[PDB]
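Written below as structure tokens is the structure these notes are about.
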Number of protein chains: 4
Amino acid sequence: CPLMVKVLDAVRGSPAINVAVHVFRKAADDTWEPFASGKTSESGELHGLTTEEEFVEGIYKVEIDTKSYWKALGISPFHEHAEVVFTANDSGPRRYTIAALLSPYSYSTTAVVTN
Amino acid sequence: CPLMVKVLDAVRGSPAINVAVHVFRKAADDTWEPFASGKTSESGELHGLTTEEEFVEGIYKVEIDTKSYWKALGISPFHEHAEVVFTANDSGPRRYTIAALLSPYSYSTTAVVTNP
Amino acid sequence: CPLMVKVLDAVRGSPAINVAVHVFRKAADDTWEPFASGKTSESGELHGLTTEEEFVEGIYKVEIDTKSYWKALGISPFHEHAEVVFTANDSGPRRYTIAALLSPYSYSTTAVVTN
Amino acid sequence: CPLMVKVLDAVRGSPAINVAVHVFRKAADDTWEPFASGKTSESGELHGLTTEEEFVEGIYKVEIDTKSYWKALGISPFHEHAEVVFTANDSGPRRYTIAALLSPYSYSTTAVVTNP
């Protein structure tokens, strides 16, 4: 589990369930190439995105499809998606958790990088 | 200018208007003494809380009444009020802006501190 | 586990470890009375604060001693503590997690209330 | 006035000054076309990005170069840049303020949208 994503809903105070998440890796020609994807669980978590073998150093983008989440709940959103762009560095610790807290016109994100 | 409060609404994408804000100062007997209060303008801002002379050093609590705000908007909130507790002016006068961003089950607050 | 607290550090991207947390309940004379307390674990979590028996409806305050956390790391903080004040309502779901994300001059908090 | 960006620093309690901001607009071929760019002032604000005439409807991305900011300050950051993607002006012109609050391993962004 080198990479995990956790998504929370600030309107209802709950995990954000069945949210699509796409991860991309920056290629040498500076295009974004698909890397991993999935949908959040009942707990707002998405596990099993990648393996240690596949998750090499580089620049990654995590796109969380927030507009589809809100629209389906009957709530008008502002963003198309939430995006988190970061460099994976082997020097530091080994497990990355990208967390996002969603509101219709705002979001917060953090990374927790542990060993 | 010594103390400003600015409140935004993350559900509607707007200033949070007519929000009640109370400021307290910790007294020597460790109780919270009322200091100043006001309600936010149409821009989500509250100025005129205090003057430099009245705003002495100590421990201040800024209580923003988020629950009344969300109830007026027709939305069920979790928190009773967002609170921000800080020591002010302990190395001389500063200008403080306390900003809050509100959602029904969450808030985010920051401070900008400047030296006149 | 009706009440859990989780604290994260936005400067280092890590759990906030050994942070003191005090919980109070509003008494009938509108004073705050001590209810529970503890220190966050290596994972930034504080479990076992209360039992279902003790955690009745009412107004609660969670005080997280952030100033002591930062000062010990050699980083100058703004707040005395982070405070979260909320009503526990039996109507809604049964487990409350209060999460806080700390920075030296800012913090974010959310509640996740699940069944 | 149609597009403003405002950036704050949660480590120092200050505006984030001289932060580079790039705006892109999604083209018909689904690539991101440069639209406007600037750097934040001493108040953490960036105005003058566009005019009402130039700011047509579509999908915009506001990329705030947080990594250069933290590196200048001497602090190790996680993110490459904070990104905010949104559809603008699809029901006529609006005024958008995009605010971001930065920490080394986290950021929080909101929007205030007003109808002139």
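Ordering of the structure tokens sets the chain letters (A, B, ...), residue numbers begin anew at 1 in every chain, and ligands are numbered from 1 in the order given.
Residue-level contacts from chain C to chain B at 7 Å, counting only C-alpha atoms, read residues 78, 79, 80, 81, 83, 85, 86, 87, 105, 106, 107, 108, 109, 110 and 111 of chain C.
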Go ahead and write the selection's residues with N, CA and C atoms as a PDB file, in the first residue's frame.
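Written output follows (part-v9.pdb):
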ATOM      1  N   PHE C  78       0.756  30.389  16.413  1.00  0.00           N
ATOM      2  CA  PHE C  78      -0.170  31.491  16.675  1.00  0.00           C
ATOM      3  C   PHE C  78      -1.219  31.167  17.762  1.00  0.00           C
ATOM      4  N   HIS C  79      -1.848  30.011  17.683  1.00  0.00           N
ATOM      5  CA  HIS C  79      -2.971  29.723  18.560  1.00  0.00           C
ATOM      6  C   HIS C  79      -2.519  29.182  19.911  1.00  0.00           C
ATOM      7  N   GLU C  80      -3.305  29.444  20.936  1.00  0.00           N
ATOM      8  CA  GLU C  80      -3.107  28.744  22.211  1.00  0.00           C
ATOM      9  C   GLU C  80      -3.461  27.241  22.118  1.00  0.00           C
ATOM     10  N   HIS C  81      -4.594  26.971  21.484  1.00  0.00           N
ATOM     11  CA  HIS C  81      -5.078  25.637  21.263  1.00  0.00           C
ATOM     12  C   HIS C  81      -6.077  25.699  20.154  1.00  0.00           C
ATOM     13  N   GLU C  83      -9.881  24.472  19.272  1.00  0.00           N
ATOM     14  CA  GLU C  83     -11.087  24.147  20.014  1.00  0.00           C
ATOM     15  C   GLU C  83     -12.140  23.754  19.013  1.00  0.00           C
ATOM     16  N   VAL C  85     -16.246  22.834  19.262  1.00  0.00           N
ATOM     17  CA  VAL C  85     -17.426  22.820  20.156  1.00  0.00           C
ATOM     18  C   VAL C  85     -18.603  22.315  19.351  1.00  0.00           C
ATOM     19  N   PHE C  86     -19.291  21.308  19.839  1.00  0.00           N
ATOM     20  CA  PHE C  86     -20.343  20.672  19.066  1.00  0.00           C
ATOM     21  C   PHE C  86     -21.418  20.043  19.937  1.00  0.00           C
ATOM     22  N   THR C  87     -22.614  19.829  19.389  1.00  0.00           N
ATOM     23  CA  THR C  87     -23.652  19.116  20.115  1.00  0.00           C
ATOM     24  C   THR C  87     -23.634  17.644  19.655  1.00  0.00           C
ATOM     25  N   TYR C 105      -0.069  28.844  11.850  1.00  0.00           N
ATOM     26  CA  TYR C 105      -0.963  29.974  11.929  1.00  0.00           C
ATOM     27  C   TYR C 105      -2.352  29.639  11.433  1.00  0.00           C
ATOM     28  N   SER C 106      -2.666  28.362  11.307  1.00  0.00           N
ATOM     29  CA  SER C 106      -3.959  27.945  10.779  1.00  0.00           C
ATOM     30  C   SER C 106      -4.312  26.568  11.272  1.00  0.00           C
ATOM     31  N   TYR C 107      -5.595  26.258  11.263  1.00  0.00           N
ATOM     32  CA  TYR C 107      -6.010  24.868  11.389  1.00  0.00           C
ATOM     33  C   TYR C 107      -7.345  24.666  10.725  1.00  0.00           C
ATOM     34  N   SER C 108      -7.574  23.437  10.358  1.00  0.00           N
ATOM     35  CA  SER C 108      -8.830  22.943   9.777  1.00  0.00           C
ATOM     36  C   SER C 108      -9.358  21.848  10.703  1.00  0.00           C
ATOM     37  N   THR C 109     -10.678  21.737  10.826  1.00  0.00           N
ATOM     38  CA  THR C 109     -11.257  20.665  11.544  1.00  0.00           C
ATOM     39  C   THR C 109     -12.510  20.187  10.845  1.00  0.00           C
ATOM     40  N   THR C 110     -12.756  18.891  10.948  1.00  0.00           N
ATOM     41  CA  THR C 110     -13.980  18.312  10.461  1.00  0.00           C
ATOM     42  C   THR C 110     -14.451  17.241  11.386  1.00  0.00           C
ATOM     43  N   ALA C 111     -15.697  16.900  11.230  1.00  0.00           N
ATOM     44  CA  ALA C 111     -16.294  15.798  11.951  1.00  0.00           C
ATOM     45  C   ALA C 111     -16.775  14.774  10.944  1.00  0.00           C
TER      46      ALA C 111
END
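Within 9 Å of residue A:62, once only C-alpha atoms are used and residues closer than 5 positions along the same chain are dropped, the contacting residues are residues 5, 21, 22, 23, 24, 82, 83, 84, 85, 86 and 98 of chain A.
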Save out the residues we just selected, N, CA, C and O atoms, as an mmCIF file, in the first residue's frame.
data_model
loop_
_atom_site.group_PDB
_atom_site.id
_atom_site.type_symbol
_atom_site.label_atom_id
_atom_site.label_comp_id
_atom_site.auth_asym_id
_atom_site.auth_seq_id
_atom_site.Cartn_x
_atom_site.Cartn_y
_atom_site.Cartn_z
ATOM 1 N N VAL A 5 -5.780 6.886 -1.023
ATOM 2 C CA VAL A 5 -6.534 8.140 -1.132
ATOM 3 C C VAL A 5 -7.741 8.044 -0.217
ATOM 4 O O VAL A 5 -8.423 7.009 -0.210
ATOM 5 N N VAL A 21 -11.543 8.302 -8.726
ATOM 6 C CA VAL A 21 -10.209 8.848 -8.521
ATOM 7 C C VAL A 21 -9.308 8.313 -9.620
ATOM 8 O O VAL A 21 -9.273 7.104 -9.854
ATOM 9 N N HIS A 22 -8.590 9.212 -10.290
ATOM 10 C CA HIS A 22 -7.655 8.813 -11.340
ATOM 11 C C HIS A 22 -6.286 9.359 -10.950
ATOM 12 O O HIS A 22 -6.129 10.521 -10.566
ATOM 13 N N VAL A 23 -5.308 8.511 -11.093
ATOM 14 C CA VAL A 23 -3.915 8.876 -10.855
ATOM 15 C C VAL A 23 -3.149 8.820 -12.150
ATOM 16 O O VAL A 23 -3.272 7.860 -12.911
ATOM 17 N N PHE A 24 -2.340 9.830 -12.383
ATOM 18 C CA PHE A 24 -1.484 9.928 -13.583
ATOM 19 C C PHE A 24 -0.044 10.138 -13.156
ATOM 20 O O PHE A 24 0.220 10.651 -12.068
ATOM 21 N N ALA A 82 -11.005 17.907 -8.058
ATOM 22 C CA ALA A 82 -9.915 18.316 -7.204
ATOM 23 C C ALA A 82 -8.697 17.602 -7.717
ATOM 24 O O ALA A 82 -8.752 16.436 -8.061
ATOM 25 N N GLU A 83 -7.593 18.323 -7.772
ATOM 26 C CA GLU A 83 -6.346 17.821 -8.323
ATOM 27 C C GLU A 83 -5.282 18.008 -7.275
ATOM 28 O O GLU A 83 -5.183 19.055 -6.676
ATOM 29 N N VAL A 84 -4.464 17.008 -7.106
ATOM 30 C CA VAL A 84 -3.306 17.046 -6.233
ATOM 31 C C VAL A 84 -2.109 16.605 -7.061
ATOM 32 O O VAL A 84 -2.054 15.455 -7.503
ATOM 33 N N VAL A 85 -1.104 17.464 -7.185
ATOM 34 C CA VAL A 85 0.091 17.170 -8.007
ATOM 35 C C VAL A 85 1.293 17.183 -7.088
ATOM 36 O O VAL A 85 1.528 18.201 -6.425
ATOM 37 N N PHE A 86 2.083 16.134 -7.099
ATOM 38 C CA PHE A 86 3.173 16.004 -6.150
ATOM 39 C C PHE A 86 4.322 15.160 -6.679
ATOM 40 O O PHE A 86 4.119 14.358 -7.590
ATOM 41 N N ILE A 98 -3.055 10.472 0.531
ATOM 42 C CA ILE A 98 -3.539 11.758 0.039
ATOM 43 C C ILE A 98 -4.982 11.837 0.536
ATOM 44 O O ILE A 98 -5.798 10.971 0.204
#
Contact residues (chain A, partner chain C, 12 Å, only C-alpha atoms) as an MDAnalysis selection string: chainID A and resid 7:16 42:44 92:93 95:103 107:115
Residue selection dump (C-alpha atoms) as an mmCIF file, in the first residue's frame:
data_model
loop_
_atom_site.group_PDB
_atom_site.id
_atom_site.type_symbol
_atom_site.label_atom_id
_atom_site.label_comp_id
_atom_site.auth_asym_id
_atom_site.auth_seq_id
_atom_site.Cartn_x
_atom_site.Cartn_y
_atom_site.Cartn_z
ATOM 1 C CA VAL A 7 -12.049 11.501 0.701
ATOM 2 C CA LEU A 8 -14.409 13.154 3.219
ATOM 3 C CA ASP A 9 -17.611 15.271 2.738
ATOM 4 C CA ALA A 10 -17.849 18.480 4.808
ATOM 5 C CA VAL A 11 -21.537 19.020 4.113
ATOM 6 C CA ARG A 12 -22.804 15.762 5.543
ATOM 7 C CA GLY A 13 -19.898 14.865 7.783
ATOM 8 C CA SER A 14 -19.260 11.525 6.217
ATOM 9 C CA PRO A 15 -16.907 9.613 4.012
ATOM 10 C CA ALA A 16 -17.307 10.495 0.355
ATOM 11 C CA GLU A 42 -18.031 2.944 1.898
ATOM 12 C CA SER A 43 -15.284 4.314 4.220
ATOM 13 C CA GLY A 44 -14.170 6.925 1.702
ATOM 14 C CA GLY A 92 11.503 10.403 2.588
ATOM 15 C CA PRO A 93 9.045 7.894 4.115
ATOM 16 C CA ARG A 95 3.600 5.229 2.452
ATOM 17 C CA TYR A 96 1.682 8.156 0.949
ATOM 18 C CA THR A 97 -1.894 8.958 1.974
ATOM 19 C CA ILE A 98 -3.539 11.758 0.039
ATOM 20 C CA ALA A 99 -6.572 13.051 1.913
ATOM 21 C CA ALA A 100 -9.196 15.457 0.628
ATOM 22 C CA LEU A 101 -12.029 17.231 2.431
ATOM 23 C CA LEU A 102 -14.718 18.365 0.086
ATOM 24 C CA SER A 103 -17.261 21.211 0.111
ATOM 25 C CA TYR A 107 -11.656 21.769 -0.779
ATOM 26 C CA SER A 108 -8.702 21.022 1.452
ATOM 27 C CA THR A 109 -6.034 18.440 0.810
ATOM 28 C CA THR A 110 -3.125 17.068 2.755
ATOM 29 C CA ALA A 111 -0.553 14.386 2.469
ATOM 30 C CA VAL A 112 0.500 12.083 5.262
ATOM 31 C CA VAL A 113 3.750 10.386 4.434
ATOM 32 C CA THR A 114 4.688 7.662 6.981
ATOM 33 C CA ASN A 115 6.990 4.677 7.382
#
Output as a PyMOL selection string all residues of chain D that backbone DSSP marks as helix (DSSP H, G or I). chain D and resi 66-73
Restricting the output to N, CA, C and O atoms, write the selected residues as a PDB file, in the first residue's frame.
ATOM      1  N   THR D  66       3.295  26.827  -5.864  1.00  0.00           N
ATOM      2  CA  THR D  66       3.576  26.713  -4.459  1.00  0.00           C
ATOM      3  C   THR D  66       4.973  26.193  -4.215  1.00  0.00           C
ATOM      4  O   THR D  66       5.606  26.584  -3.216  1.00  0.00           O
ATOM      5  N   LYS D  67       5.486  25.360  -5.133  1.00  0.00           N
ATOM      6  CA  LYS D  67       6.772  24.727  -4.838  1.00  0.00           C
ATOM      7  C   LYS D  67       7.889  25.787  -4.829  1.00  0.00           C
ATOM      8  O   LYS D  67       8.725  25.777  -3.915  1.00  0.00           O
ATOM      9  N   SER D  68       7.881  26.712  -5.797  1.00  0.00           N
ATOM     10  CA  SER D  68       8.874  27.802  -5.820  1.00  0.00           C
ATOM     11  C   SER D  68       8.763  28.694  -4.602  1.00  0.00           C
ATOM     12  O   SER D  68       9.782  29.125  -4.051  1.00  0.00           O
ATOM     13  N   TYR D  69       7.554  28.922  -4.143  1.00  0.00           N
ATOM     14  CA  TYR D  69       7.310  29.728  -2.957  1.00  0.00           C
ATOM     15  C   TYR D  69       8.010  29.117  -1.734  1.00  0.00           C
ATOM     16  O   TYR D  69       8.724  29.802  -1.001  1.00  0.00           O
ATOM     17  N   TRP D  70       7.745  27.847  -1.456  1.00  0.00           N
ATOM     18  CA  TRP D  70       8.295  27.241  -0.250  1.00  0.00           C
ATOM     19  C   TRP D  70       9.773  27.107  -0.387  1.00  0.00           C
ATOM     20  O   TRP D  70      10.474  27.323   0.581  1.00  0.00           O
ATOM     21  N   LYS D  71      10.279  26.776  -1.567  1.00  0.00           N
ATOM     22  CA  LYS D  71      11.742  26.674  -1.732  1.00  0.00           C
ATOM     23  C   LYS D  71      12.450  27.985  -1.464  1.00  0.00           C
ATOM     24  O   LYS D  71      13.541  28.012  -0.835  1.00  0.00           O
ATOM     25  N   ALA D  72      11.860  29.090  -1.870  1.00  0.00           N
ATOM     26  CA  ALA D  72      12.423  30.401  -1.559  1.00  0.00           C
ATOM     27  C   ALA D  72      12.458  30.717  -0.054  1.00  0.00           C
ATOM     28  O   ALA D  72      13.328  31.458   0.451  1.00  0.00           O
ATOM     29  N   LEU D  73      11.479  30.197   0.652  1.00  0.00           N
ATOM     30  CA  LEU D  73      11.341  30.430   2.068  1.00  0.00           C
ATOM     31  C   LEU D  73      12.236  29.488   2.868  1.00  0.00           C
ATOM     32  O   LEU D  73      12.454  29.728   4.036  1.00  0.00           O
TER      33      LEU D  73
END
Nearest candidate to chain B (options D:43, D:14, D:115, D:91; using only C-alpha atoms):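 Under the stated criterion, the closest residue is D:14.
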Give me every strand (DSSP E or B) residue in chain D, going by DSSP on the backbone, as a ChimeraX atom specification. /D:3-9,14-15,20-26,32-39,45-46,58-64,79-88,90,92,95-103,106-114
One number please: atom CA of residue B:8 to atom CA of residue B:40, in Å, one decimal.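 Spanning atom CA of residue B:8 to atom CA of residue B:40 is a straight-line distance of 10.2 Å.
With only C-alpha atoms as the basis for measurement, B:102 is the residue among B:5, B:21, B:49, B:102 that approaches chain D most closely.
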